[PDB]
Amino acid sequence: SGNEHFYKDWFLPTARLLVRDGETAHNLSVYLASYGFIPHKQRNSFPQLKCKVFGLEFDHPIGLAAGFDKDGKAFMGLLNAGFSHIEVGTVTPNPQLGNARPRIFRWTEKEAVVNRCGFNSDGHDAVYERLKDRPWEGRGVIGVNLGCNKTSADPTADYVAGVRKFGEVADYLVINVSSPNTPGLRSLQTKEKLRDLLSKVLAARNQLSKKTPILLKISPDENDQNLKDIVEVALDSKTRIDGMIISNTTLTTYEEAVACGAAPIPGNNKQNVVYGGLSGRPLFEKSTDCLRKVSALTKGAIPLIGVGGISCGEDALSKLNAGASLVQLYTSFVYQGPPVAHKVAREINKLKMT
């Protein structure tokens, strides 16, 4: 390991002992990365791993998934940290508070995290002011993950507003398919509402000066039939997107939630409650299988981004061999620190030389 074991074994465990709350440590690390207090890494360090996706040059297929830099405050330091691309988001049109706190819980025994943030964003305008000048030009790729407000009348209008707001400055845009977890934003959980959403979104996209790539991020909990329906609408000529992201988080069970403090919810006695989404190593097996399914349904027509449970190099290689062109992580960055960006890259380069 070397300088990598210093975080996974010495720095981060002591930090978790000091900052017991997960979201507090999240705010602190974002505060540090916004000012540059973060180990930098040299680009062009992996010549055999450079790739071209959506016509964009990537230093390596490894990037930071959405939800970490929700407001675009520290994407520059994270690009310098080792990630080849940062997915700013999820950003809502109006500034949103999100669900009640605590909403983030560590499951260190399995290197996992259970969260129920609920799209806490600073709004379109605040995040757009941090991305307008494109300061990352030539230093990496930046995508924007668009969302809708909780009190929104027409959620598809919120996604269209996001496409029009960030379509000129972002390298790519992402829209989250509503997970079959709760009625919260599940008004678009049918095949025709998705086709309607993609139709309006692509119309707004075509109104831009450049045909900015539109990606669709799905949940690993979709059954076989709904998974096929999502792929069909995503590939139809009238509503053809540019790529997909597989996947998001999995609905946590009661036993998995009580092991990390996600359950019970203070002030909630009902059993039909969503404790949160499970990310980390327990997600890798399911999210990869879902990716392997989608890659077969699309026949490899559109690029895919494998996300979920990547903790070492062979995990990312499994996703890349399954049909993914890019890979993203989040939870392993919590448990392994900044070196996790180049660590996985090193291991991939060692596995290809055989």
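The first residue of the sequence shown is number 1, and the count goes up from there.
As listed in the deposited structure, the average C-alpha B-factor of 213-221 and of 173-181 is greater for 173-181. When the two stretches 67-75 and 267-275 are set side by side, the higher mean Cα temperature factor goes to 267-275. When the C-alpha B-factors of 258, 88, 283, 244 are read from the PDB record, the largest value belongs to 258. Set against one another, the Cα B-factors of 92, 189, 226, 249 in the record reach their highest point at 189. Annotation for residue 162: CA B-factor lies in the lowest third of the chain's modelled residues.
Annotation for residue 39: C-alpha temperature factor in the highest third relative to the rest of the modelled chain, per the entry. Residue 102: CA B factor in the highest third of modelled residues in this chain (values from the PDB entry). In the PDB entry, residue 313 places in the highest third of its chain by CA B-factor. When the modelled residues of the chain are ordered by C-alpha B-factor, residue 111 sits in the highest third.
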